[PDB]
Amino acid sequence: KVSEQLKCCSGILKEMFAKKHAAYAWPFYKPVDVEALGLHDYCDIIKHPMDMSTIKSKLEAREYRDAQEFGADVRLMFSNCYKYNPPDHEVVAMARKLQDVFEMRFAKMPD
């Protein structure tokens, strides 16, 4: 039950990484590079960063006890983006599109 849900969580992240969704998924592939983006205040505001590669490592390392912990990390990744940026920023639009894919597959997971 728990292990079968954790394979589904993996299947979902794999889809989030796929070419199909590359046009809006690409900013969340890796951790936020505050140097390159020139964001002096990002760590002051975002106390707990998250990204897709970090989540992938945690799955493969069996660190998530269940599907809810996997979800809270995906939702953390998005919440960080909405928190830091203004409503009508290109990255917030991109985040929304990807979250719709996440929420749909996460809701259709058998429990």
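Rigid core (definition): largest C-alpha set, two forms, superposition within 1.5 Å. Throughout, we count residues from 1 along the sequence that is shown.
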Between 48 to 56 and 34 to 42, greater root mean square CA displacement in 7 other deposited structures of this protein relative to the shown form, after rigid core superposition, belongs to 34 to 42
According to the deposited model, is the average Cα temperature factor higher in 5 to 13 or in 89 to 97? 5 to 13
Segment of higher mean CA temperature factor, 71 to 79 or 57 to 65: 57 to 65
Can you tell me which third, lowest, middle or highest, the CA B-factor of residue 41 falls into for its chain? highest
